[PDB]
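Quick notes on the structure that follows.
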Amino acid sequence: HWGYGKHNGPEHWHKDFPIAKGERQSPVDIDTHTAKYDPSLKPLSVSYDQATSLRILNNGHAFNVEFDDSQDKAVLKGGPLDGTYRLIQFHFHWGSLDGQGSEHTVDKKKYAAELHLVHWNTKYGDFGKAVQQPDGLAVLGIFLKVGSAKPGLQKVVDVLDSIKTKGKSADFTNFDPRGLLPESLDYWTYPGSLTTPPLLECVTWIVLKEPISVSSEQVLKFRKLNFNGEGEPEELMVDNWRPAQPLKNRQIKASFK
Ligand SMILES: NS(=O)(=O)c1ccc(-n2ccn(-c3ccc(F)cc3F)c2=O)cc1
Ligand SMILES: [Zn+2]
């Protein structure tokens, strides 16, 4: 099965998932000087006031905080998007060292981690139908750097001991994802893909310019998670990021200049 190891990592994925070599794969390097300001881009509308978190799950590749997406409770609209996209889950990618961990890069700079807030287009009725469509998903990506603690992240950090291994889940209600956002909603956007198998080319990527800062203690707690299940040999869940893929015939657009 695919993973992030020496024998099953990103360079192997194309054997089971040939779209890994496709025309709109993610992540990419964001070259800030070649991105083009698009004044027709609208400000993002992030409406998370009614978000209903349900649970947190270690899926063996990352941990997902999952939300109730059976009604328009937490939605993303505006920006480059047409229609309404519902928040289904968020997760992170992170490194074994503070100098790596993000999937997107900015002028080849790697951040310590990257947050992905995953949303699906309500015109397709459910998430599984949405991932089959070229405009099915919108993922809001936010970079993490190590510095001051992020207070809004601490309740995530504190539950991780309960989902150490693959397949473990825990109740996780009343979490407010607005506490994970930076001050500015300036962004870059491009059409791309899921960054893990099945690597489907269904994502409008929206990557925020402004990182959030988390403390060294917070990221150390991510690095104590395990890829393995309980009772299997322990392998630390670190470096669960795919490297930058070729931009090919794509232009990255900026909402700011
Ligand atoms: N890192 S990311 O681009 O934000 C990303 C990467 C992979 C996923 N992902 C993996 C499996 N699935 C999935 C789950 C249920 C389903 F019906 C279809 C899927 F593709 C999925 O959405 C979701 C998000
Ligand atoms: Zn992700």
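Counting from 1, the numbers follow the sequence of the chain as shown. Side chains included, hydrogens not; waters and symmetry mates left out as well; all remaining heavy atoms used.
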Exercise for the section: Report yes or no: do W241 and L115 belong to one cluster of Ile/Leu/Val/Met/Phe/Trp/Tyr joined by side chain heavy-atom distances under 4.5 Å? Expected result: no

Exercise for the section: Measure the shortest side-chain to side-chain distance between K253 and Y37 over non-hydrogen atoms and say whether it is less than 4.5 angstrom. Expected result: no

Handout entry: Main-chain N/O of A74 paired with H119 side-chain donor or acceptor, under 3.5 Å
Key = no

Problem - Which atom of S102 lies closest to which atom of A113, heavy atoms considered - result: CB-O, 3.9 Å

Problem - Salt-bridge present (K109, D107; N to O < 4.0 Å) - result: no

Exercise for the section: Side-chain contact test, heavy atoms from C-beta onward, threshold under 4.5 Å: evaluate it for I206 versus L81 and give yes or no. Expected result: yes

Problem - Pair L236-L225, side-chain contact (heavy atoms from CB on, under 4.5 Å): steps then yes or no - result: CA-CA 6 Å; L236 294 177; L225 292 168; over 6 Å; no

Exercise for the section: Starting at CD of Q89, measure out to CG of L54 and round the result to the nearest 0.5 Å. Expected result: 12.5 Å

Handout entry: Steps toward side-chain hydrogen bond (donor to acceptor under 3.5 Å, both in side chains) verdict (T195, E103)
Key = CA-CA 8 Å; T195 67; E103 298 200 304; 2.6 Å; yes

Problem - Path from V146 to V106 over hydrophobic side-chain contacts below 4.5 Å - result: no

Handout entry: Linked, directly or transitively: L181 and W205 (ILVMFWY side chains, under 4.5 Å)
Key = no

Handout entry: Gap separating the NZ atom of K248 from the NZ atom of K21, nearest 0.5 angstrom
Key = 8.0 Å

Problem - Chi angles and distances behind the side-chain contact (heavy atoms from CB on, under 4.5 Å) call for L57, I163 - result: CA-CA 7 Å; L57 173 65; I163 59 163; over 6 Å; no

Handout entry: Side-chain (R86) to main-chain (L76) donor-acceptor, under 3.5 angstrom
Key = no

Identify every side-chain donor-acceptor pair in residues 165-174 under 3.5 Å, counting partners at least two apart or on other chains, and give the distances.
unit_1	atom_1	unit_2	atom_2	d
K168	NZ	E230	OE1	3.1

Exercise for the section: Hey, could you give me the SG/CZ distance between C202 and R24, rounded to the nearest 0.5 Å? Expected result: 7.5 Å

Problem - Side-chain touch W13/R242, heavy atoms, less than 4.5 angstrom - result: yes

Problem - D239 side chain to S96 backbone, donor-acceptor under 3.5 Å - result: yes

Problem - Ring centre gap for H116 and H93 strictly below 6.0 Å - result: yes

Practice task
Could you please spell out the steps behind the side-chain contact (heavy atoms from CB on, under 4.5 Å) verdict for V207 and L140?
Solution key: CA-CA 6 Å; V207 176; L140 181 61; over 6 Å; no

Handout entry: Backbone N/O of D31 and side chain of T34: donor-acceptor pair under 3.5 Å
Key = no

Problem - Option passing ring-ring contact (aromatic ring centres under 6.0 Å, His included) with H104 (candidates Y190, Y187, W188, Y111) - result: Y190

Handout entry: Other residues, nucleotides, ligands: >12 heavy atoms within 6.0 Å of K36 NZ
Key = no

Fill in the blank from the handout: Across all chains, not counting sequence neighbours, the ring-ring contact (aromatic ring centres under 6.0 Å, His included) partners of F222 are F63, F92, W94

Exercise for the section: Look at atom CG of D82 and say whether more than 12 heavy atoms of other residues, nucleotides or ligands are closer to it than 6.0 Å. Expected result: no

Handout entry: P198 versus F17, closest heavy-atom pair with distance
Key = CA-CD2, 3.8 Å

Practice task
Can you tell me which residue pairs pass the side-chain hydrogen bond (donor to acceptor under 3.5 Å, both in side chains) test with a partner in residues 132-150, sequence neighbours excluded?
Solution key: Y124-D135

Handout entry: With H1 via ring-ring contact (aromatic ring centres under 6.0 Å, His included) - residues at least two apart
Key = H61

Practice task
List for me each residue that meets side chain to side chain donor-acceptor pair (under 3.5 Å) alongside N58, sequence neighbours excluded, and say none if there are none.
Solution key: none

Practice task
Answer whether the closest heavy-atom distance between the side chains of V75 and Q50 falls below 4.5 Å.
Solution key: no

Problem - Chi angles and distances behind the salt bridge (charged side-chain N to carboxylate O under 4.0 Å, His left out) call for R223, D98 - result: CA-CA 11 Å; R223 295 175 185 155; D98 294 349; 2.9 Å; yes

Handout entry: Check: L208 main-chain N/O paired with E210 side-chain donor or acceptor under 3.5 Å
Key = no

Exercise for the section: Check whether any side-chain heavy atom of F90 lies under 4.5 Å from a side-chain heavy atom of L117, and answer yes or no. Expected result: yes

Problem - Heavy-atom closest contact (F127 atom, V118 atom, distance) - result: CE1-CG1, 4.0 Å

Problem - Any donor-acceptor N/O pair, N226 side chain to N228 backbone, under 3.5 Å - result: no

Completion exercise
Residue set satisfying side chain to side chain donor-acceptor pair (under 3.5 Å) with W120, at least two apart, ordered chain then number -> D69

Exercise for the section: Drop me the distance from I252's CD1 to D38's CG, to the nearest 0.5 angstrom. Expected result: 13.5 Å

Completion exercise
Shortest non-hydrogen pair, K110 vs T105, comes out as CG-CG2, 3.7 Å

Handout entry: Shared hydrophobic cluster, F175 / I142 (ILVMFWY, side-chain heavy atoms < 4.5 Å)
Key = yes

Exercise for the section: Go through the steps to decide whether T84 and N121 satisfy the test side-chain contact (heavy atoms from CB on, under 4.5 Å), and finish with yes or no. Expected result: CA-CA 6 Å; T84 299; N121 189 335; over 6 Å; no

Practice task
Starting at CG of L144, measure out to CD of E114 and round the result to the nearest 0.5 Å.
Solution key: 9.0 Å

Handout entry: Flag, side chain of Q218 to backbone of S215, donor-acceptor distance under 3.5 Å
Key = yes

Practice task
Any chance you could measure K221, atom NZ, to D161, atom CG, to the nearest 0.5 Å?
Solution key: 7.5 Å

Handout entry: Heavy-atom pair with the smallest gap, counting every atom of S26 and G192
Key = OG-CA, 3.3 Å

Exercise for the section: Kindly indicate whether the side chain of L137, heavy atoms from C-beta on, has any atom under 4.5 Å from the side chain of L194. Expected result: yes

Exercise for the section: Determine, using the 4.5 Å side-chain heavy-atom cutoff (strictly less than), whether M237 and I56 are members of one ILVMFWY cluster. Expected result: yes

Problem - CG/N249: more than 12 non-hydrogen atoms of other groups inside 6.0 Å - result: no

Exercise for the section: State, with a plain yes or no, whether a side-chain heavy atom of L87 is found less than 4.5 Å away from one of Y48. Expected result: yes

Exercise for the section: Using a strict 4.0 Å threshold on nitrogen-to-oxygen distance, state whether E234 and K224 make a salt bridge. Expected result: no

Exercise for the section: Please answer whether the main-chain N or O of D186 pairs with a side-chain N or O of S184 as donor and acceptor at a distance below 3.5 Å. Expected result: yes

Exercise for the section: List the atom of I212, the atom of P182, and the distance in Å for their closest heavy-atom pair. Expected result: CG2-N, 3.6 Å

Practice task
Using atom types as modelled and distance alone, determine if a side-chain donor or acceptor of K155 lies under 3.5 Å from a backbone N or O of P151.
Solution key: yes

Handout entry: 4.5 Å side-chain heavy-atom contact, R55 and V65
Key = no

